[PDB]
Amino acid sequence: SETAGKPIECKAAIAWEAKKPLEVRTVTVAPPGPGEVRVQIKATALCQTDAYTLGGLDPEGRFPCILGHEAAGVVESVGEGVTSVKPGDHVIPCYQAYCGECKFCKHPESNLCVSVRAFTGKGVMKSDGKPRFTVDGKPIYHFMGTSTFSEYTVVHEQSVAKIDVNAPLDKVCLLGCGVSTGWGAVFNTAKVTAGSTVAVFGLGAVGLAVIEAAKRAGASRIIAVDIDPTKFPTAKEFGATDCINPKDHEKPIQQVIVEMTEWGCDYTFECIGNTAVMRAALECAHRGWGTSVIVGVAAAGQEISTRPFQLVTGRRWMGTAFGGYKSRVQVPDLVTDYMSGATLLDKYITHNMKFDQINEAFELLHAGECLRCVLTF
């Protein structure tokens, strides 16, 4: 290789501080240490989670840092000990790691690996406790263990899903977070049964993925809820049978849903990050057995509340992280399902832009005018 074992200077987008636009400039990327993989990002999308940390809403937010966590790329080089990937492998770096040996990797119902979170949560690497990015010798920190807003990033081996080398990297970049989360919320967390009724709160890429998955699960009714009705036509494309704007009703939205379904929907999904809506989604879960799945990420500190009578009379409050998918094991399975022609993944990409316009993409998502914006270098 031409770059293996040596630093790489490449284009990236740095967040020097919160609530400021990113600076697209050159950074230096160190070679991978033991158990690490240096990846050449080929495509990367913006998620609402990136704007969440950029807006100062992350308690563990550490600046300066390279954001980004929805990407697909090619292995440029690996550090010593790395056996699972090799240069040339097509990969998807995942915020959720997989070690196969911790208690959560071994449990059938969890994907919350603890192999590297103590370091990825701090924006550093496990091998030496430091980051791999510098600018004029000063350290720039990692984000969600991925930091995909850079031509080359360095990640832990446990965070690297090896995927079908023939899958288009600018489409499956979405499988690193949002769309996978919405799908697994249906298939893994809720396990929607055929015939069921569903309510989805928030119609971004995540909520639309809940709708697509619930459709595929055989749901007989899917109520799409959003305060922005310009997202309704796409929601009906994915399979929504009803679209509801909360601002068209003086009743609370959970009362509206209950009246449409007498007792509530068998499953409800919150895909916003609004604690008042999370409460609403649980209270319009069906009496006796309804399930509500929190998908959105609320601002740190905020609390959800309900009357305990809601759970005593049969409703179930749960949440999901990355759809319950064990990353390195199951992300390749999602790529395989994409390559089989069975998904609507291509429909989630509303804009393809160059990496230099990353800030316009952030304005697109703050304005609700995009689903997923895929950046290429």
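Position 1 is the first residue in the sequence shown; the rest follow in order.
- Look at the mean CA B-factor for 73-81 and for 181-189 in the entry; the higher one is 73-81.
- Higher average CA B factor: 150-158, of the stretches 284-292 and 150-158.
- Sorting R216, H90, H249, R221 by the CA temperature factor given in the entry leaves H249 at the top.
- The maximum CA B-factor among the listed residues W317, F63, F322, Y338, taken from the PDB record, is found at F63.
- When the CA B factors of the chain's modelled residues are split into thirds, the value for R38 lands in the middle one.
- When all modelled residues of the chain are sorted by CA temperature factor, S196 is found within the lowest third.
- Compared with the other modelled residues of the chain, the Cα B-factor recorded for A240 ranks in the middle third.
- In the deposited entry, the Cα temperature factor of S127 sits in the top third of values across the chain's modelled residues.
- Among all modelled residues in its chain, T306 ranks in the lowest third by Cα B-factor.
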